[PDB]
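A.B. asks: Have a look at this one before I ask anything.
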Amino acid sequence: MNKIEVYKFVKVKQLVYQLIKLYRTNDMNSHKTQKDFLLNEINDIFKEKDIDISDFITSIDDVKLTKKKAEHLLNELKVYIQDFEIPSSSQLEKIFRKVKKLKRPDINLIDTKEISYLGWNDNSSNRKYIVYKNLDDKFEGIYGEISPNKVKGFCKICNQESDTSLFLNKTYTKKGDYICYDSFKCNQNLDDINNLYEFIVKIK
Ligand SMILES: [Zn+2]
């Protein structure tokens with residue numbers, strides 16, 4: 001309501017580092033239009049949700065900004081992040097109703113302001129489970145086979161280069177693609193939940 005999704009925070013962060021790239025070019029005269037662009041993208045992410053960010057905007061509009069100063073201010077923003085809600089045991093069991101033996105994720109390994117989706121591996125069946133909220137704000141889930149033999153490439157969820165493996169959904173006729181073996185690393189890269197929805201749609 002007065003907070004933002006984890007994936008929007010990843011985007012805000014990506015925009016702040018882009019500002020630093022511009023500042024690294026010692027010629028803000030040529031890059032003024034880009035600067036105002038970046039600043040307005042960050043602000044709009046908060047305007048949508050009625051959060052006052054005219055403050056952080058002022059703070060970051062400074063050619064002498066660097067990583068450290070940015071990170072502190074960004075960490076101060078973490079307070080506005082809508083945490084990922086992890087389903088109860090019965091909700092999880094219902095999502096994966098057909099799975100008789102369901103390995104649960106380790107809640108100690110999970111920071112809920114750092115995930116847009118919950119992805120965890122069951123190495124004993126070479127499986128990955130993925131849980132998320134859909135467009136109607138309700139839980140969905142999928143699982144599939146993922147080989148532990150990783151190959152470097154573009155993850156088809158977050159679109160970045162990572163240690164990836166082929167995730168095969170049942171849908172046999174198998175549908176799938178290469179994704180981050182480690183979904184927690186993926187979630188640090190994922191700047192648009194739509195990317196996950198489009199992956200799901202194409203393999204489901
Ligand atoms: Zn990824």
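Ordering of the structure tokens sets the chain letters (A, B, ...); residue numbers start at 1 within each chain; ligands are numbered from 1 in the order shown.
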Report as a PyMOL selection string which protein, DNA and RNA residues come within 7 Å of ligand 1, using only C-alpha atoms and all ligand atoms.

C.D. replies: chain A and resi 155-160+162+179-180+183+185-187+189-190

A.B. asks: Taking only region 110-194 of chain A into account, list the residues labelled helix (DSSP H, G or I) by DSSP (computed from the backbone), as a PyMOL selection string.

C.D. replies: chain A and resi 183-189+193-194

A.B. asks: Any idea what's packed within 10 Å of residue 191 (chain A), counting only C-alpha atoms, ignoring anything in its chain fewer than 5 positions away? Could you give it as an mmCIF file with N, CA, C and O atoms, in the first residue's frame?

C.D. replies:
data_model
loop_
_atom_site.group_PDB
_atom_site.id
_atom_site.type_symbol
_atom_site.label_atom_id
_atom_site.label_comp_id
_atom_site.auth_asym_id
_atom_site.auth_seq_id
_atom_site.Cartn_x
_atom_site.Cartn_y
_atom_site.Cartn_z
ATOM 1 N N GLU A 5 7.289 -3.770 -4.238
ATOM 2 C CA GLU A 5 7.686 -5.164 -4.406
ATOM 3 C C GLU A 5 9.207 -5.299 -4.411
ATOM 4 O O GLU A 5 9.930 -4.351 -4.733
ATOM 5 N N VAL A 6 9.685 -6.468 -4.008
ATOM 6 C CA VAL A 6 11.115 -6.781 -4.009
ATOM 7 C C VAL A 6 11.742 -6.557 -5.395
ATOM 8 O O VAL A 6 12.841 -5.996 -5.506
ATOM 9 N N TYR A 7 11.056 -6.998 -6.450
ATOM 10 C CA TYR A 7 11.577 -6.791 -7.813
ATOM 11 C C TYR A 7 11.692 -5.298 -8.211
ATOM 12 O O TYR A 7 12.602 -4.928 -8.938
ATOM 13 N N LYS A 8 10.800 -4.449 -7.702
ATOM 14 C CA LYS A 8 10.907 -2.998 -7.924
ATOM 15 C C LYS A 8 12.116 -2.412 -7.217
ATOM 16 O O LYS A 8 12.745 -1.485 -7.738
ATOM 17 N N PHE A 9 12.448 -2.949 -6.047
ATOM 18 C CA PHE A 9 13.645 -2.520 -5.342
ATOM 19 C C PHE A 9 14.915 -2.893 -6.109
ATOM 20 O O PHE A 9 15.889 -2.143 -6.111
ATOM 21 N N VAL A 10 14.900 -4.049 -6.758
ATOM 22 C CA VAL A 10 16.032 -4.478 -7.565
ATOM 23 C C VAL A 10 16.205 -3.520 -8.731
ATOM 24 O O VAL A 10 17.332 -3.112 -9.043
ATOM 25 N N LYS A 11 15.087 -3.113 -9.331
ATOM 26 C CA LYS A 11 15.122 -2.122 -10.416
ATOM 27 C C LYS A 11 15.659 -0.769 -9.908
ATOM 28 O O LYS A 11 16.561 -0.210 -10.529
ATOM 29 N N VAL A 12 15.125 -0.260 -8.790
ATOM 30 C CA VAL A 12 15.619 0.996 -8.202
ATOM 31 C C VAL A 12 17.151 0.956 -8.046
ATOM 32 O O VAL A 12 17.849 1.907 -8.402
ATOM 33 N N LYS A 13 17.650 -0.162 -7.534
ATOM 34 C CA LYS A 13 19.077 -0.372 -7.313
ATOM 35 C C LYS A 13 19.844 -0.364 -8.633
ATOM 36 O O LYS A 13 20.856 0.332 -8.764
ATOM 37 N N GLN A 14 19.350 -1.107 -9.619
ATOM 38 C CA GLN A 14 19.926 -1.083 -10.966
ATOM 39 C C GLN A 14 19.968 0.336 -11.559
ATOM 40 O O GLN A 14 20.912 0.683 -12.277
ATOM 41 N N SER A 116 11.446 -12.330 -4.837
ATOM 42 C CA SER A 116 10.193 -12.153 -5.537
ATOM 43 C C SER A 116 9.541 -13.514 -5.728
ATOM 44 O O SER A 116 8.330 -13.619 -5.876
ATOM 45 N N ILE A 157 14.864 -16.618 -16.571
ATOM 46 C CA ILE A 157 13.987 -15.865 -15.683
ATOM 47 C C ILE A 157 14.475 -14.424 -15.499
ATOM 48 O O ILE A 157 13.744 -13.484 -15.781
ATOM 49 N N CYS A 158 15.705 -14.254 -15.025
ATOM 50 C CA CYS A 158 16.233 -12.938 -14.725
ATOM 51 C C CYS A 158 16.987 -12.339 -15.911
ATOM 52 O O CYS A 158 17.364 -11.178 -15.863
ATOM 53 N N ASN A 159 17.212 -13.152 -16.948
ATOM 54 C CA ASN A 159 17.906 -12.758 -18.176
ATOM 55 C C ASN A 159 19.384 -12.409 -18.028
ATOM 56 O O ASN A 159 19.986 -11.949 -18.983
ATOM 57 N N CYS A 186 19.402 -15.648 -8.441
ATOM 58 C CA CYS A 186 18.385 -15.211 -9.422
ATOM 59 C C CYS A 186 17.526 -14.040 -8.915
ATOM 60 O O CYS A 186 17.329 -13.048 -9.621
#

A.B. asks: Residues within 12 Å of residue 42 (chain A), please, as a PyMOL selection string. Count only C-alpha atoms; anything in the same chain fewer than 6 positions from it doesn't count.

C.D. replies: chain A and resi 4+8-19+35-36+48+51-58+60-61+74+77

A.B. asks: For the residues in that selection, give me N, CA and C atoms as a compact mmCIF listing (two decimals), in the first residue's frame.

C.D. replies:
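Final output, selection34.txt:
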# COMPACT_ATOMS: atom_id res chain seq x y z
N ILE A 4 6.76 -1.21 -1.68
CA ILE A 4 7.01 -1.69 -3.05
C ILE A 4 7.42 -3.15 -3.07
N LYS A 8 10.80 -4.45 -7.70
CA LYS A 8 10.91 -3.00 -7.92
C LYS A 8 12.12 -2.41 -7.22
N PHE A 9 12.45 -2.95 -6.05
CA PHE A 9 13.64 -2.52 -5.34
C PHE A 9 14.92 -2.89 -6.11
N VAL A 10 14.90 -4.05 -6.76
CA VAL A 10 16.03 -4.48 -7.56
C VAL A 10 16.20 -3.52 -8.73
N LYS A 11 15.09 -3.11 -9.33
CA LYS A 11 15.12 -2.12 -10.42
C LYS A 11 15.66 -0.77 -9.91
N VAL A 12 15.12 -0.26 -8.79
CA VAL A 12 15.62 1.00 -8.20
C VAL A 12 17.15 0.96 -8.05
N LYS A 13 17.65 -0.16 -7.53
CA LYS A 13 19.08 -0.37 -7.31
C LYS A 13 19.84 -0.36 -8.63
N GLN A 14 19.35 -1.11 -9.62
CA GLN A 14 19.93 -1.08 -10.97
C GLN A 14 19.97 0.34 -11.56
N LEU A 15 18.95 1.15 -11.27
CA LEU A 15 18.92 2.52 -11.78
C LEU A 15 19.95 3.41 -11.08
N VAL A 16 20.12 3.21 -9.77
CA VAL A 16 21.10 3.97 -9.00
C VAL A 16 22.53 3.69 -9.50
N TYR A 17 22.86 2.42 -9.77
CA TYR A 17 24.17 2.09 -10.33
C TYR A 17 24.35 2.67 -11.73
N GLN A 18 23.26 2.75 -12.50
CA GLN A 18 23.34 3.35 -13.82
C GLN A 18 23.69 4.84 -13.70
N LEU A 19 23.12 5.51 -12.70
CA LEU A 19 23.47 6.90 -12.39
C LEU A 19 24.96 7.05 -12.10
N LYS A 35 20.40 11.71 -16.89
CA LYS A 35 20.33 11.84 -15.44
C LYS A 35 18.90 12.08 -14.99
N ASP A 36 18.22 13.02 -15.64
CA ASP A 36 16.84 13.31 -15.27
C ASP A 36 15.97 12.07 -15.55
N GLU A 48 3.82 5.64 -7.86
CA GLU A 48 2.79 4.60 -8.02
C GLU A 48 2.17 4.16 -6.67
N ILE A 51 4.54 6.88 -1.93
CA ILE A 51 5.61 7.00 -0.95
C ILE A 51 6.42 8.24 -1.27
N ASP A 52 6.74 9.03 -0.25
CA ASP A 52 7.53 10.24 -0.43
C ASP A 52 8.99 9.86 -0.53
N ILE A 53 9.53 10.01 -1.74
CA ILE A 53 10.94 9.74 -2.03
C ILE A 53 11.66 11.02 -2.46
N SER A 54 10.94 12.16 -2.43
CA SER A 54 11.55 13.46 -2.70
C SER A 54 12.39 13.83 -1.48
N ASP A 55 13.65 13.40 -1.51
CA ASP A 55 14.48 13.27 -0.32
C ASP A 55 15.66 12.38 -0.70
N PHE A 56 15.35 11.11 -0.97
CA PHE A 56 16.33 10.17 -1.50
C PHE A 56 16.75 10.66 -2.87
N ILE A 57 15.77 11.13 -3.65
CA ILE A 57 16.03 11.70 -4.97
C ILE A 57 17.03 12.85 -4.86
N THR A 58 16.78 13.77 -3.93
CA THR A 58 17.70 14.89 -3.69
C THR A 58 19.08 14.38 -3.28
N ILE A 60 20.57 11.45 -3.89
CA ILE A 60 21.30 10.77 -4.99
C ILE A 60 21.65 11.68 -6.18
N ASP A 61 20.97 12.81 -6.31
CA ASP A 61 21.26 13.78 -7.36
C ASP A 61 22.55 14.54 -7.02
N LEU A 74 20.15 3.25 0.06
CA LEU A 74 19.35 2.12 -0.44
C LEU A 74 18.91 1.21 0.71
N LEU A 77 16.10 2.48 2.39
CA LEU A 77 14.88 2.21 1.62
C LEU A 77 14.31 0.82 1.91

A.B. asks: Nearest to residue 130 (chain A): which of A:199, A:82, A:163, A:100 is it, counting only C-alpha atoms?

C.D. replies: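 Residue with the minimum atom-to-atom distance to residue 130 (chain A): A:199.
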
A.B. asks: Rounded to one decimal in Å, what is the spacing between CA of residue 175 (chain A) and CA of residue 97 (chain A)?

C.D. replies: 20.9 Å

A.B. asks: Near residue 92 (chain A), counting only C-alpha atoms, which residues have an atom at most 9 Å away, once you skip same-chain residues fewer than 3 positions from it, shown as a CSV table (one decimal) with N, CA, C and O atoms, in the first residue's frame?

C.D. replies:
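selection27.csv written:
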chain,number,residue,atom,x,y,z
A,86,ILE,N,5.5,-16.4,2.8
A,86,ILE,CA,5.8,-17.7,2.5
A,86,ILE,C,4.6,-18.5,3.0
A,86,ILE,O,4.2,-18.4,4.1
A,87,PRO,N,4.1,-19.4,2.1
A,87,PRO,CA,2.9,-20.2,2.5
A,87,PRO,C,3.1,-21.0,3.8
A,87,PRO,O,4.2,-21.4,4.1
A,88,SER,N,2.0,-21.3,4.5
A,88,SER,CA,2.0,-22.2,5.6
A,88,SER,C,2.3,-23.6,5.1
A,88,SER,O,2.4,-23.9,3.9
A,89,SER,N,2.5,-24.5,6.0
A,89,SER,CA,2.8,-26.0,5.7
A,89,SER,C,1.7,-26.6,4.9
A,89,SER,O,1.9,-27.2,3.8
A,95,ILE,N,-0.5,-26.7,-2.7
A,95,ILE,CA,0.0,-26.3,-4.0
A,95,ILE,C,0.7,-27.5,-4.6
A,95,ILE,O,0.5,-27.7,-5.9
A,96,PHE,N,1.4,-28.3,-3.9
A,96,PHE,CA,2.1,-29.5,-4.4
A,96,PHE,C,1.4,-30.8,-3.9
A,96,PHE,O,2.0,-31.8,-3.5
A,97,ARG,N,0.0,-30.8,-4.0
A,97,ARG,CA,-0.9,-31.9,-3.5
A,97,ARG,C,-0.5,-33.3,-4.0
A,97,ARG,O,-0.6,-34.2,-3.2
A,102,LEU,N,7.4,-34.1,0.3
A,102,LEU,CA,7.7,-32.7,-0.1
A,102,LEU,C,8.8,-32.2,0.8
A,102,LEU,O,8.5,-31.9,2.0
A,104,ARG,N,10.6,-29.4,2.4
A,104,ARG,CA,10.3,-28.0,2.7
A,104,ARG,C,11.6,-27.1,2.6
A,104,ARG,O,12.7,-27.6,2.8
A,131,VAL,N,7.7,-21.3,-5.9
A,131,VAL,CA,6.5,-20.7,-5.4
A,131,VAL,C,6.5,-19.2,-5.5
A,131,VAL,O,7.5,-18.6,-5.3
A,139,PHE,N,-1.2,-17.7,-4.3
A,139,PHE,CA,0.0,-18.6,-4.4
A,139,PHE,C,-0.2,-19.5,-5.6
A,139,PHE,O,-1.3,-20.1,-5.8
A,141,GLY,N,2.5,-22.5,-7.8
A,141,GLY,CA,3.7,-23.2,-7.7
A,141,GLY,C,3.9,-24.2,-8.8
A,141,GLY,O,2.9,-24.7,-9.5

A.B. asks: Hey, which of A:188, A:169, A:2, A:26 ends up closest to residue 80 (chain A)? Count only C-alpha atoms.

C.D. replies: A:2

A.B. asks: Record the distance separating CA of residue 34 (chain A) and CA of residue 63 (chain A), expressed in Å with one decimal.

C.D. replies: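 Between these atoms lies a distance of 13.1 Å.
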
A.B. asks: Separation of CA of residue 126 (chain A) and CA of residue 145 (chain A), in Å?

C.D. replies: 5.7 Å

A.B. asks: I'd like to know which of A:79, A:70, A:201, A:109 is closest to residue 171 (chain A), using only C-alpha atoms.

C.D. replies: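 Nearest to residue 171 (chain A): A:201.
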
A.B. asks: From the options A:153, A:204, A:167, A:176, which residue's atoms come nearest to residue 121 (chain A), counting only C-alpha atoms?

C.D. replies: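 Checking each candidate against residue 121 (chain A), we get A:167 as the closest.
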
A.B. asks: Using only C-alpha atoms, which of A:122, A:27, A:62, A:41 sits nearest residue 106 (chain A)?

C.D. replies: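 Under the stated criterion, the closest residue is A:122.
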
A.B. asks: Point out the residue among A:28, A:110, A:20, A:115 with the least atom-to-atom distance to residue 69 (chain A), counting only C-alpha atoms.

C.D. replies: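 Once distances to residue 69 (chain A) are computed over only C-alpha atoms, the minimum belongs to A:20.
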
A.B. asks: Run DSSP on the backbone and tell me which residues of region 6-195 of chain A come out as strand (DSSP E or B); list them as a compact mmCIF listing (two decimals) with C-alpha atoms, in the first residue's frame.

C.D. replies:
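Dumped everything to result-v9.txt:
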# COMPACT_ATOMS: atom_id res chain seq x y z
CA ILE A 81 9.95 -3.26 0.81
CA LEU A 118 10.77 -18.82 -3.53
CA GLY A 119 12.96 -21.35 -5.31
CA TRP A 120 14.55 -24.31 -3.55
CA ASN A 121 16.18 -27.55 -4.54
CA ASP A 122 15.58 -31.12 -3.47
CA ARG A 127 14.14 -31.25 -8.34
CA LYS A 128 13.54 -27.52 -7.98
CA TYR A 129 10.32 -26.13 -6.54
CA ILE A 130 9.21 -22.57 -7.30
CA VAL A 131 6.47 -20.73 -5.38
CA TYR A 132 5.16 -17.22 -6.13
CA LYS A 133 2.09 -14.97 -6.05
CA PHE A 139 -0.03 -18.57 -4.43
CA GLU A 140 0.95 -20.69 -7.39
CA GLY A 141 3.72 -23.24 -7.66
CA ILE A 142 5.56 -25.37 -10.18
CA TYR A 143 8.36 -27.95 -9.94
CA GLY A 144 10.66 -29.81 -12.30
CA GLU A 145 13.89 -31.70 -12.84
CA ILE A 146 17.11 -29.70 -12.74
CA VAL A 151 26.67 -24.53 -17.38
CA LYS A 152 27.31 -20.79 -17.69
CA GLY A 153 24.67 -18.91 -19.68
CA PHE A 154 21.68 -16.57 -19.61
CA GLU A 161 24.49 -14.61 -17.04
CA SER A 162 24.81 -17.14 -14.20
CA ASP A 163 25.52 -20.75 -13.26
CA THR A 164 22.49 -22.29 -14.95
CA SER A 165 20.87 -25.69 -15.43
CA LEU A 166 18.04 -26.99 -17.53
CA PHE A 167 14.75 -26.88 -15.65
CA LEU A 168 12.28 -29.37 -17.14
CA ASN A 169 8.60 -29.18 -16.29
CA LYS A 175 9.03 -28.11 -21.52
CA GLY A 176 11.68 -25.99 -19.93
CA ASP A 177 14.69 -23.79 -20.18
CA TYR A 178 18.00 -22.89 -18.57
CA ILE A 179 17.67 -20.96 -15.30
CA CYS A 180 19.81 -19.99 -12.31
